[PDB]
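S.K.: First the structure, which I've put down as structure tokens, then a few questions once you've had a look.
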Amino acid sequence: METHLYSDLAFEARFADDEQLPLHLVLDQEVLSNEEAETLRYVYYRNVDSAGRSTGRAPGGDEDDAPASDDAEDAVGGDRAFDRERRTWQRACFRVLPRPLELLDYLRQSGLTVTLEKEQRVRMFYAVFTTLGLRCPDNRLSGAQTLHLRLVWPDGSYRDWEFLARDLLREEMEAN
Amino acid sequence: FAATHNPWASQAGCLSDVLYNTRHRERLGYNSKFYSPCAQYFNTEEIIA
Amino acid sequence: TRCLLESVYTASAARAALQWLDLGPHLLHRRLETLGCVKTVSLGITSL
Amino acid sequence: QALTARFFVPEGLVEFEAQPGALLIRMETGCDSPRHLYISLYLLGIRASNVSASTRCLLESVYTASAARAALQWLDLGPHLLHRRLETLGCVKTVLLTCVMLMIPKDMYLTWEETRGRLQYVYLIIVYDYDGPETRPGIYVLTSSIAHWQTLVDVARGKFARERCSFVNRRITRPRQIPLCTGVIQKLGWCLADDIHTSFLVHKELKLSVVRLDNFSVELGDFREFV
Amino acid sequence: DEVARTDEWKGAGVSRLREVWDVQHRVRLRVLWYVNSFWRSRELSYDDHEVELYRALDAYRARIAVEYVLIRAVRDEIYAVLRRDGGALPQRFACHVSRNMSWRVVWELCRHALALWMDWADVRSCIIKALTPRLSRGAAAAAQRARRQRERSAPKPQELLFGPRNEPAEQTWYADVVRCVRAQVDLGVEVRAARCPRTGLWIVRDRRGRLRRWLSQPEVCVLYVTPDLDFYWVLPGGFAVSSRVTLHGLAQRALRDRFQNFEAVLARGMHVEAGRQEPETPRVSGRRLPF
Amino acid sequence: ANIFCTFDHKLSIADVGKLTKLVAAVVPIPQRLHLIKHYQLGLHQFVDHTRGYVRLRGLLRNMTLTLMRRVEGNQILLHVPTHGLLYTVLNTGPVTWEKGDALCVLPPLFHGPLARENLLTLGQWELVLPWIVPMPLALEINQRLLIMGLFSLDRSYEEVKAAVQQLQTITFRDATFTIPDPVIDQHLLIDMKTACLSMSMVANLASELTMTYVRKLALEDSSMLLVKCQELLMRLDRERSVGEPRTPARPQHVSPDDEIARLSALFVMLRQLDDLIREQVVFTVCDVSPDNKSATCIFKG
Amino acid sequence: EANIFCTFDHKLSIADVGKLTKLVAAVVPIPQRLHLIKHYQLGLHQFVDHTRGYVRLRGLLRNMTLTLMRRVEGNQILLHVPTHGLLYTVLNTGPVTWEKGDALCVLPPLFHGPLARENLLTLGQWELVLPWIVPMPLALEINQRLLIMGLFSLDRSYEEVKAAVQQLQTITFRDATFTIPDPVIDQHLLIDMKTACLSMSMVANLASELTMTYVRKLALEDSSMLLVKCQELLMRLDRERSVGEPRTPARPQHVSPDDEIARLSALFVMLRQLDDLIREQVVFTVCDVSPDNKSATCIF
């Protein structure tokens, strides 16, 4: 829970820079294994426009759209593509609660006011807490944007999940 | 105190330091039986030892 | 062990002998000739 | 070897004080004609919030005196300003008394180990809580086998995280109130692992749960503040 | 006395909490909506036009499709090179043969095997794990190092007499193993590769050191791919379709962001010095105390 | 462990009589020799026009102090103190003492006074003795002269002149002083200048580096303390940039040679303050003589 | 109590007692402060672990007790703990020069570069490793340098921090070059960074509004060389903060002497809290140094 307050404060801090609204997420046994959760190093995220392929590259296209020419020396664009890809990802805040809990009950153990329309008793074996930030370019946001999610472990492997931002905002954004 | 009265000789890796330093001479390939009177001034890797 | 005992034999005569080993068309047995085993050294500027 | 300090002490503080195991502390009073008073640390107990209210009631019922009254007033002036006023002098030898340059209340005594280290240094720790009305000064006396000062401060931060976040809450909520520090570490000496005896005490026909420290070698320490 | 933001953030709580999904319906995770977030106070606007979501779907289709059309490029590369030679493939792998054995059935098994491999390709396959270390920076550096290394002139006797000495022992290949009698393919095979001293043919071995023995089994077939992105396709008998993998029909940035080897940032548990022995991972425990 | 200190110069017996009244007091010597010329005794070797006070405090921090014991016909028997052992020190300091005080040693502020050290001097040598001041007065007078140094740049206005006029006048138990202003001839001394500029620039680099470094550690495991740190810095930014132009564009990317230079510069500029930050105690008193002319004090250090 | 007797499970030959008899008045660490002790916990050999953390060795060593080596006689050692205050003598083997006037600290030893790895005692597998005795400015320098190494290097790839620490690990102190072997990050080092960030946040907060603009005032008044470097640093930090022009300061409104006294006293408290990370307390105060720089007489 503790990253949510800090990430809300930090995305309020940097909102003049990138215009990213924060997005607090929790994940359970339905996505990752406990062995994957007990030693998960960090999480990455990148907001991709429906037409713009990143936010770290140039907005009006990029010079990496020319195809890879099967070259020995510079394999795929050289190292410039590599540190452009290191620029296109961003780190998020991150905590792991390995012992099982229920976020209704657990968020009642912390001092919050859990005010839900109905108490669907959802149980999970291990709760990993994070908060990403999806980038509205101006104040206006498009629903067809997508948000990617890397999960990186100390061996160097990663798991890649992405989803388009309208599915996060089907009934939330139409409520306003 | 005016340094380097020969720019072509005082410098490391100059013309003299490839013509008369013996570490450069054996890498160029030289007959060791011939005497070089300049060589005693140019084996600077031995002078530092 | 090859990189070991090459690292001790770094000398202008040793590498010359190594070039003379593999330079000619003859094999080694038509080239080499034993003398036996050595018992005392002289350790001079040339060795006896 | 002992460094002698003779003291002219009035009769308004001789309650709970005829025993040898007493520590007099020269605090700078608000009144300027004595300029200071040699308060006892058991009077620092009753002001403290970490102690039990039963021992506080005992300390009220044993110290109905104008000297302890005015001393409580002059320590109740400055909010958390005690470390800029309190200054120790060492333990009482024998009571008008003599002092060197050991009994302790059970509640303010604490440890963070299993007290099986042979050599054990003793320290005084004040803490300043700010989630009360203005300031809850908690007194603490700590025996521990640790010796280096800075790792003691790190394990104190590990044990007093509530006090630290209360300090920074006071900093972010009251801008016109500028607090100095959360508290003060100061050593007093060291004991062996054996002389710590949880025992009883009867003084002025009154009952007390005490912890005695026999072979207490005394060494004066500086009021090293810490956040 | 101003209320600190944590207090009314605590008393604010959550409006609602719901689950979402990924695109492929593999991951369900839950979002949290605090009422005290500044996103509530930012009053930001929202719109979802249909051609924009259509462009999103086509971009996601290409981002999925990159490795599959790479597999298709490999497959019709095989088809073009078997049409190129006429269909008489030579041997590249060291294993003996028998003349008195009908090769028509192992040819039919090869056809069925490449069919079953086309049915059962994967984003995690042999060629993807082959070319993932090619995407690194050290791959470009070592490519320059090898291009100056192998293309170095014959040395004069001077550096043979006085210059320092010179030093590519065995290769680290990846492989697909398609087993037709059990209809099970294999995607990730790590294999060590070497050359015989007597003949130039290849010898494959386990990453432990055990000799790989599947080449004797007639029903099975294998695909090898090299770190320099060459290509072999071996039916039993050691005979190998040999080519290179084509990727010029794929964009650079799509392959570069879809999958890429990752260089790590410094976090708790690793050395500031590069290449030092790593200590134990942090490994937050559901079994011990948190401490 | 005794030191002999001789005088090359002619001394009268009346000079001995005006010398022997300083019978048990502290002197500084730069390093311990068994026999030392008197030109190294006292701070006269260091005091001049253009060094200032903070130089005297810094070189007093490592100057080894020595009690005086006896006066002879030409030489002086000095006695170096030891840790934990009691001694007798006379209060030549300008502030009275009480029992249980903690004493520090600070350089004197009345250089060339009306007393002229009760006229103990020589040809181009005046014997100058450091003040022995109680620790709280020592730390507050250090803070007072430092904030005198801050306002020494902006002395144009008159309310700052009234504020520094308050700053000269000090208050203590039967003690009042007019603290000398470190600015002289409309310029600051160099030591106060570098001390105050280093302090202000440490505050500046802290205020512009703490956000990126609390972010860099807050990408790890988080607590309430870093949250309230970030909230405090948000309070500073929301009370700070109310008139500054919007979109200052601070980047999250910054080349490493900048920030390692920033960190090392911040650390060296705070590192040169710890002569005045820490007040290393040197004495506490176990008994005060009547009329506070002397005191049996126990040595610390 | 004071004199601490150690032993040996193995016999010493004449070579072993010969190299032991030149170790008199050398300081060795003892973890226990007990009487009948054993030689495997003597020294740092039970605690030394490469690729484990230099800061861990540093914290345990500053937590360890210290004692002085005197009078071996054959299977006996006679360690004697130095009393607090009295003059003693020391004999260091750490290749660092000394001074008659400075102070000392005790640090886990670095490799000098010749890489001898023979501290003149080895019993089978067991060896003796001696803690380096280091003069105070080098001690706080290596402390602050490992602190910058831990503070900077978070969330960075290996190449930029490698380019930083190839020039950051080297320290040239009085014609002697030293490098730090194991800079690996620690949870204890994380709590040092935590105290560091909280302290610099607090000195960012309660600093005066005039000290936040004081270097701008001294920049507009005077130009000196260190002032030129300070203006370079501060204006580069300003243009990394804001591309706008930094305005000139006027008459400060909130002038109050008690306010400056209170906020700068709390500021001094917080700078003490930050400096006590790197400022180690002394262990030896020099009375005399031997001319061959092998031994010294130090008062502690």
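Note on naming: chains are A, B, ... as they come in the structure tokens, residues start from 1 per chain, ligands start from 1 in the order shown.
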Residues near residue 57 (chain A), anyone? I mean within 12 Å using only C-alpha atoms, not counting same-chain ones fewer than 5 positions away, as a PyMOL selection string.

M.R.: (chain A and resi 46-49+52+62-65+80-89) or (chain E and resi 253+257)

S.K.: At most 12 Å is the cut-off: for each residue in chain G with any atom that close to an atom of chain A, write down the nearest atom pair and the distance in Å rounded to one decimal, counting only C-alpha atoms, chain first then increasing number, as a Markdown table.

M.R.:
```
| residue | atom | partner | partner_atom | distance |
| --- | --- | --- | --- | --- |
| G:155 | CA | A:91 | CA | 9.1 |
| G:156 | CA | A:86 | CA | 10.7 |
| G:157 | CA | A:86 | CA | 9.7 |
| G:159 | CA | A:83 | CA | 11.9 |
```

S.K.: Write out as a Markdown table the residues of region 55-171 of chain E that have any atom within 10 Å of an atom of region 153-170 of chain A, one row each with the nearest atom pair and its distance in Å to one decimal, counting only C-alpha atoms, sorted by chain and then rising number.

M.R.:
```
| residue | atom | partner | partner_atom | distance |
| --- | --- | --- | --- | --- |
| E:56 | CA | A:164 | CA | 8.3 |
| E:57 | CA | A:164 | CA | 9.4 |
| E:60 | CA | A:164 | CA | 9.7 |
```

S.K.: Quick one: residues within 9 Å of residue 111 (chain G), only C-alpha atoms, excluding same-chain residues fewer than 4 positions away - as a PyMOL selection string?

M.R.: chain G and resi 115-117+178-181

S.K.: Could you give me, as a compact mmCIF listing (two decimals) with N, CA, C and O atoms, in the first residue's frame, the residues within 8 Å of residue 86 (chain F), counting only C-alpha atoms and dropping anything in the same chain fewer than 4 positions from it?

M.R.:
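Listed below is the output, out21.txt:
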```
# COMPACT_ATOMS: atom_id res chain seq x y z
N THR F 296 38.58 23.55 40.08
CA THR F 296 39.11 22.20 39.91
C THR F 296 38.31 21.51 38.82
O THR F 296 37.18 21.08 39.06
N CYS F 297 38.88 21.42 37.63
CA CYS F 297 38.18 20.87 36.49
C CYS F 297 38.82 19.56 36.05
O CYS F 297 40.03 19.36 36.22
N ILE F 298 38.01 18.68 35.47
CA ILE F 298 38.48 17.39 34.99
C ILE F 298 38.65 17.47 33.48
O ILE F 298 37.76 17.97 32.78
N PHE F 299 39.78 16.99 32.99
CA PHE F 299 40.12 17.15 31.59
C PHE F 299 39.37 16.16 30.71
O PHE F 299 39.29 14.97 31.03
```

S.K.: Quick one: residues within 9 Å of region 38-52 of chain G, only C-alpha atoms counted, chain neighbours fewer than 6 positions away excluded, as number ranges by chain?

M.R.: E: 271, 276-279; G: 5-9, 28-32, 60-61, 108, 126-131, 181-184, 186

S.K.: Go ahead and write the residues just picked, N, CA, C and O atoms, as a short mmCIF file (atom, residue, chain, number, x, y, z; two decimals), in the first residue's frame.

M.R.:
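Wrote it out as selection.cif, contents follow:
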```
data_model
loop_
_atom_site.label_atom_id
_atom_site.label_comp_id
_atom_site.auth_asym_id
_atom_site.auth_seq_id
_atom_site.Cartn_x
_atom_site.Cartn_y
_atom_site.Cartn_z
N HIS E 271 27.15 -6.00 -7.06
CA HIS E 271 28.37 -5.23 -6.90
C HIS E 271 28.36 -3.99 -7.77
O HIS E 271 27.85 -3.99 -8.89
N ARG E 276 31.93 -8.93 -10.76
CA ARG E 276 32.30 -9.56 -9.51
C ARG E 276 31.30 -10.67 -9.19
O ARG E 276 30.22 -10.75 -9.78
N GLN E 277 31.70 -11.56 -8.27
CA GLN E 277 30.83 -12.65 -7.84
C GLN E 277 29.63 -12.08 -7.11
O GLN E 277 29.77 -11.30 -6.16
N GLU E 278 28.45 -12.45 -7.55
CA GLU E 278 27.23 -11.94 -6.97
C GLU E 278 26.92 -12.67 -5.66
O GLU E 278 27.08 -13.88 -5.56
N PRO E 279 26.53 -11.94 -4.62
CA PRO E 279 26.03 -12.57 -3.40
C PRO E 279 24.58 -12.98 -3.58
O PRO E 279 24.01 -12.90 -4.67
N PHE G 5 44.87 -13.49 27.57
CA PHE G 5 45.72 -14.58 27.14
C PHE G 5 45.07 -15.32 25.99
O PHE G 5 43.92 -15.75 26.08
N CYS G 6 45.82 -15.47 24.90
CA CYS G 6 45.40 -16.27 23.76
C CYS G 6 46.33 -17.46 23.64
O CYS G 6 47.37 -17.54 24.30
N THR G 7 45.97 -18.39 22.76
CA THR G 7 46.77 -19.59 22.60
C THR G 7 46.92 -19.96 21.13
O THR G 7 46.59 -19.17 20.24
N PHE G 8 47.44 -21.16 20.87
CA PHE G 8 47.55 -21.67 19.51
C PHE G 8 47.31 -23.17 19.54
O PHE G 8 47.88 -23.87 20.38
N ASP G 9 46.48 -23.66 18.62
CA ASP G 9 46.33 -25.11 18.50
C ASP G 9 47.53 -25.73 17.80
O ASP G 9 47.84 -26.91 18.02
N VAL G 28 45.30 -5.37 17.27
CA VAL G 28 44.54 -6.46 16.68
C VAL G 28 43.11 -6.36 17.19
O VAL G 28 42.87 -5.87 18.30
N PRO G 29 42.13 -6.77 16.40
CA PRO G 29 40.74 -6.71 16.87
C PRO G 29 40.30 -8.00 17.55
O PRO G 29 40.61 -9.11 17.10
N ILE G 30 39.59 -7.84 18.65
CA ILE G 30 39.03 -8.96 19.40
C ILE G 30 37.53 -8.72 19.54
O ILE G 30 37.11 -7.62 19.92
N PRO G 31 36.70 -9.69 19.22
CA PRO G 31 35.26 -9.45 19.19
C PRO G 31 34.58 -9.65 20.53
O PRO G 31 33.43 -9.26 20.71
N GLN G 32 35.28 -10.25 21.48
CA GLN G 32 34.60 -10.83 22.64
C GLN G 32 34.81 -10.08 23.94
O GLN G 32 33.88 -10.05 24.76
N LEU G 60 31.48 -3.89 11.50
CA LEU G 60 31.82 -4.86 12.54
C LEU G 60 33.16 -4.52 13.18
O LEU G 60 33.35 -4.75 14.38
N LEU G 61 34.08 -3.94 12.41
CA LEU G 61 35.37 -3.56 12.97
C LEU G 61 35.23 -2.38 13.91
O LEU G 61 35.82 -2.38 15.00
N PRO G 108 39.18 -1.49 7.69
CA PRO G 108 39.58 -2.75 7.08
C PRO G 108 40.54 -2.49 5.94
O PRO G 108 40.37 -1.52 5.18
N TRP G 126 44.51 -21.05 8.10
CA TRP G 126 44.27 -19.80 8.81
C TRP G 126 45.42 -18.83 8.61
O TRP G 126 46.60 -19.20 8.69
N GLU G 127 45.07 -17.57 8.38
CA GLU G 127 46.02 -16.50 8.17
C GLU G 127 45.69 -15.37 9.12
O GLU G 127 44.64 -15.38 9.76
N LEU G 128 46.58 -14.40 9.23
CA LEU G 128 46.30 -13.20 10.00
C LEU G 128 46.18 -12.01 9.07
O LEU G 128 47.07 -11.75 8.26
N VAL G 129 45.08 -11.27 9.21
CA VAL G 129 44.86 -10.04 8.47
C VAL G 129 44.72 -8.91 9.48
O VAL G 129 43.93 -9.01 10.43
N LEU G 130 45.50 -7.86 9.30
CA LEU G 130 45.57 -6.77 10.25
C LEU G 130 44.74 -5.59 9.76
O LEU G 130 44.81 -5.23 8.58
N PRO G 131 43.96 -4.97 10.64
CA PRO G 131 43.23 -3.76 10.24
C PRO G 131 44.17 -2.59 10.07
O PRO G 131 45.06 -2.34 10.88
N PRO G 181 38.30 -2.31 -2.54
CA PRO G 181 38.07 -3.59 -3.22
C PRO G 181 36.61 -3.95 -3.46
O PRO G 181 36.24 -4.36 -4.56
N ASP G 182 35.76 -3.82 -2.44
CA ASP G 182 34.40 -4.36 -2.47
C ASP G 182 33.39 -3.25 -2.21
O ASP G 182 32.95 -3.05 -1.06
N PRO G 183 32.96 -2.53 -3.23
CA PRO G 183 32.01 -1.44 -3.01
C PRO G 183 30.55 -1.86 -3.03
O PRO G 183 29.68 -1.00 -3.16
N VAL G 184 30.27 -3.17 -2.89
CA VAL G 184 28.94 -3.73 -3.13
C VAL G 184 27.92 -3.19 -2.13
O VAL G 184 28.22 -2.99 -0.94
N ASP G 186 24.72 -2.48 0.34
CA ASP G 186 24.26 -3.18 1.52
C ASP G 186 22.96 -2.58 2.01
O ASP G 186 22.67 -1.40 1.77
#
```

S.K.: Skip residue 219 (chain E) itself and residues of its chain fewer than 4 positions away, then list as a list in words all residues within 7 Å of it, counting only C-alpha atoms.

M.R.: residues 109, 179, 180 and 181 of chain E

S.K.: Looking only at the backbone, which of the residues in region 201-234 of chain G does DSSP tag as alpha helix (DSSP H), as a PyMOL selection string?

M.R.: chain G and resi 201-205+214-221+225-234

S.K.: From a DSSP calculation on the backbone, collect every residue of region 32-259 of chain E in strand (DSSP E or B) and output the set as a VMD selection string.

M.R.: chain E and resid 32 to 34 46 to 47 91 93 171 to 179 184 189 to 195 202 to 205 211 220 to 225 230 to 234 239 to 244 251

S.K.: Hey, which bits of chain G sit within 8 Å of chain D, and for each residue what's the closest pair of atoms and how far apart in Å (one decimal), counting only C-alpha atoms, rows by chain and increasing number, as a Markdown table?

M.R.:
```
| residue | atom | partner | partner_atom | distance |
| --- | --- | --- | --- | --- |
| G:33 | CA | D:119 | CA | 7.7 |
| G:59 | CA | D:151 | CA | 7.7 |
| G:62 | CA | D:148 | CA | 6.5 |
| G:63 | CA | D:148 | CA | 5.4 |
| G:191 | CA | D:154 | CA | 7.8 |
| G:206 | CA | D:178 | CA | 7.9 |
| G:262 | CA | D:178 | CA | 7.4 |
| G:263 | CA | D:178 | CA | 6.8 |
| G:265 | CA | D:180 | CA | 7.5 |
| G:266 | CA | D:180 | CA | 4.7 |
| G:269 | CA | D:180 | CA | 6.8 |
| G:270 | CA | D:227 | CA | 7.9 |
| G:273 | CA | D:226 | CA | 6.4 |
| G:276 | CA | D:150 | CA | 7.2 |
| G:277 | CA | D:150 | CA | 7.4 |
```

S.K.: Using only C-alpha atoms for the distances, tell me which of D:102, D:13, D:169, D:156 is nearest to residue 65 (chain D).

M.R.: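 Of all the options, D:13 lies closest to residue 65 (chain D).
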
S.K.: Would you compute the distance between CA of residue 31 (chain F) and CA of residue 64 (chain F)? Give it in Å to one decimal.

M.R.: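 Between these atoms lies a distance of 6.3 Å.
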
S.K.: Do you know which residues are at most 12 Å from residue 12 (chain B) counting only C-alpha atoms, after dropping those on the same chain fewer than 6 positions away, and could you put them as a PyMOL selection string?

M.R.: chain B and resi 4+6+18-21+24+42-45

S.K.: Hey, can you spit out that residue selection with N, CA, C and O atoms as a CSV table (one decimal), in the first residue's frame?

M.R.:
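Result went into out-v2.csv, see below:
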```csv
chain,number,residue,atom,x,y,z
B,4,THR,N,62.6,20.2,-25.4
B,4,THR,CA,62.6,19.5,-26.7
B,4,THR,C,63.3,20.2,-27.8
B,4,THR,O,62.6,20.7,-28.8
B,6,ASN,N,65.0,19.0,-30.1
B,6,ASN,CA,64.5,18.3,-31.4
B,6,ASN,C,63.1,17.8,-31.2
B,6,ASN,O,62.9,17.0,-30.3
B,18,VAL,N,61.8,5.4,-33.3
B,18,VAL,CA,61.5,4.2,-34.0
B,18,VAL,C,62.8,3.8,-34.8
B,18,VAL,O,62.9,2.6,-35.1
B,19,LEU,N,63.8,4.7,-35.0
B,19,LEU,CA,65.0,4.3,-35.7
B,19,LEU,C,66.1,3.9,-34.8
B,19,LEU,O,66.9,3.1,-35.2
B,20,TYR,N,66.1,4.3,-33.5
B,20,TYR,CA,67.2,4.0,-32.6
B,20,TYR,C,66.8,3.4,-31.3
B,20,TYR,O,67.7,2.9,-30.6
B,21,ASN,N,65.5,3.4,-30.9
B,21,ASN,CA,65.2,2.6,-29.7
B,21,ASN,C,65.1,1.2,-30.1
B,21,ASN,O,64.4,0.8,-31.1
B,24,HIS,N,61.8,-0.7,-30.7
B,24,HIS,CA,61.3,-0.5,-32.0
B,24,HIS,C,62.1,-1.1,-33.1
B,24,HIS,O,61.6,-1.5,-34.1
B,42,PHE,N,68.9,6.0,-26.5
B,42,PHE,CA,67.6,5.8,-26.9
B,42,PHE,C,66.9,4.5,-26.4
B,42,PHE,O,65.8,4.2,-26.8
B,43,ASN,N,67.6,3.7,-25.6
B,43,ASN,CA,66.9,2.6,-24.9
B,43,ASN,C,66.3,3.0,-23.6
B,43,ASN,O,66.6,2.6,-22.5
B,44,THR,N,65.3,3.9,-23.8
B,44,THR,CA,64.8,4.7,-22.6
B,44,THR,C,64.0,3.8,-21.7
B,44,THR,O,63.9,4.0,-20.5
B,45,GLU,N,63.4,2.7,-22.3
B,45,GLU,CA,62.8,1.7,-21.5
B,45,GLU,C,63.8,0.9,-20.6
B,45,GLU,O,63.4,0.3,-19.6
```

S.K.: Which of these residues is nearest to chain E, using only C-alpha atoms: C:16, C:9, C:47, C:4?

M.R.: C:16

S.K.: Could the residues of chain G within 6 Å of chain F, counting only C-alpha atoms, be given as a ChimeraX atom specification, please?

M.R.: /G:85,200-201,204,211-212,241-242

S.K.: Could you write those residues out with C-alpha atoms, as a CSV table (one decimal), in the first residue's frame?

M.R.:
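Below you can see selection35.csv, which holds the result:
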```
chain,number,residue,atom,x,y,z
G,85,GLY,CA,43.4,7.9,28.1
G,200,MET,CA,19.7,16.8,3.5
G,201,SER,CA,15.9,17.2,3.1
G,204,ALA,CA,16.8,21.9,2.6
G,211,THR,CA,21.1,31.5,2.7
G,212,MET,CA,19.2,30.1,-0.2
G,241,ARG,CA,16.7,23.4,-12.8
G,242,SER,CA,15.4,26.3,-14.8
```

S.K.: Return as a list in words the residues belonging to chain C that are within 12 Å of chain E, counting only C-alpha atoms.

M.R.: residues 2, 3, 6, 7, 9, 10, 11, 12, 13, 14, 15, 16, 17, 18, 19, 20 and 23 of chain C

S.K.: Mind dumping the selected residues with N, CA and C atoms as a PDB file, in the first residue's frame?

M.R.:
```pdb
ATOM      1  N   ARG C   2      50.571 -25.326 -21.796  1.00  0.00           N
ATOM      2  CA  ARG C   2      51.245 -24.711 -22.936  1.00  0.00           C
ATOM      3  C   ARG C   2      51.418 -23.215 -22.728  1.00  0.00           C
ATOM      4  N   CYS C   3      50.339 -22.531 -22.340  1.00  0.00           N
ATOM      5  CA  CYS C   3      50.424 -21.115 -22.014  1.00  0.00           C
ATOM      6  C   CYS C   3      51.233 -20.863 -20.751  1.00  0.00           C
ATOM      7  N   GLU C   6      55.066 -21.502 -22.133  1.00  0.00           N
ATOM      8  CA  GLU C   6      55.444 -20.489 -23.105  1.00  0.00           C
ATOM      9  C   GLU C   6      55.725 -19.169 -22.407  1.00  0.00           C
ATOM     10  N   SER C   7      55.030 -18.911 -21.300  1.00  0.00           N
ATOM     11  CA  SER C   7      55.195 -17.654 -20.587  1.00  0.00           C
ATOM     12  C   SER C   7      56.531 -17.565 -19.869  1.00  0.00           C
ATOM     13  N   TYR C   9      59.343 -19.126 -21.307  1.00  0.00           N
ATOM     14  CA  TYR C   9      60.356 -19.235 -22.348  1.00  0.00           C
ATOM     15  C   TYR C   9      60.349 -18.047 -23.300  1.00  0.00           C
ATOM     16  N   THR C  10      59.935 -16.880 -22.825  1.00  0.00           N
ATOM     17  CA  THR C  10      59.919 -15.676 -23.648  1.00  0.00           C
ATOM     18  C   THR C  10      61.352 -15.200 -23.817  1.00  0.00           C
ATOM     19  N   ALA C  11      61.971 -15.620 -24.914  1.00  0.00           N
ATOM     20  CA  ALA C  11      63.337 -15.232 -25.217  1.00  0.00           C
ATOM     21  C   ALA C  11      63.506 -15.141 -26.724  1.00  0.00           C
ATOM     22  N   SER C  12      64.505 -14.360 -27.137  1.00  0.00           N
ATOM     23  CA  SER C  12      64.773 -14.176 -28.556  1.00  0.00           C
ATOM     24  C   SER C  12      65.318 -15.434 -29.213  1.00  0.00           C
ATOM     25  N   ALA C  13      65.943 -16.322 -28.447  1.00  0.00           N
ATOM     26  CA  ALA C  13      66.436 -17.559 -29.032  1.00  0.00           C
ATOM     27  C   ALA C  13      65.359 -18.630 -29.072  1.00  0.00           C
ATOM     28  N   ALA C  14      64.463 -18.631 -28.085  1.00  0.00           N
ATOM     29  CA  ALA C  14      63.448 -19.674 -27.995  1.00  0.00           C
ATOM     30  C   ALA C  14      62.436 -19.562 -29.125  1.00  0.00           C
ATOM     31  N   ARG C  15      61.970 -18.347 -29.404  1.00  0.00           N
ATOM     32  CA  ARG C  15      61.022 -18.158 -30.493  1.00  0.00           C
ATOM     33  C   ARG C  15      61.688 -18.381 -31.845  1.00  0.00           C
ATOM     34  N   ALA C  16      62.992 -18.103 -31.939  1.00  0.00           N
ATOM     35  CA  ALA C  16      63.727 -18.404 -33.162  1.00  0.00           C
ATOM     36  C   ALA C  16      63.809 -19.905 -33.396  1.00  0.00           C
ATOM     37  N   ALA C  17      64.028 -20.669 -32.326  1.00  0.00           N
ATOM     38  CA  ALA C  17      64.020 -22.122 -32.444  1.00  0.00           C
ATOM     39  C   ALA C  17      62.628 -22.635 -32.784  1.00  0.00           C
ATOM     40  N   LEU C  18      61.596 -21.969 -32.266  1.00  0.00           N
ATOM     41  CA  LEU C  18      60.227 -22.352 -32.592  1.00  0.00           C
ATOM     42  C   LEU C  18      59.911 -22.099 -34.060  1.00  0.00           C
ATOM     43  N   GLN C  19      60.432 -21.007 -34.621  1.00  0.00           N
ATOM     44  CA  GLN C  19      60.253 -20.766 -36.050  1.00  0.00           C
ATOM     45  C   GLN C  19      61.033 -21.768 -36.886  1.00  0.00           C
ATOM     46  N   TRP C  20      62.249 -22.106 -36.462  1.00  0.00           N
ATOM     47  CA  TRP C  20      63.044 -23.075 -37.201  1.00  0.00           C
ATOM     48  C   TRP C  20      62.485 -24.485 -37.112  1.00  0.00           C
ATOM     49  N   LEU C  23      59.499 -24.222 -39.828  1.00  0.00           N
ATOM     50  CA  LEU C  23      59.736 -23.525 -41.085  1.00  0.00           C
ATOM     51  C   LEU C  23      59.989 -24.489 -42.237  1.00  0.00           C
TER      52      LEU C  23
END
```

S.K.: Could you list, as a ChimeraX atom specification, every residue of chain B that has an atom within 12 Å of an atom of chain C, counting only C-alpha atoms?

M.R.: /B:26-27,32

S.K.: Near chain E, which residues of chain A fall within 7 Å when you count only C-alpha atoms, and what do they look like as a PyMOL selection string?

M.R.: chain A and resi 8+12+21+24-27+30-31+38-39+50-51+64-70+72-76+78-79+85+98-99+111-116+139-144+156+161-163+167-168
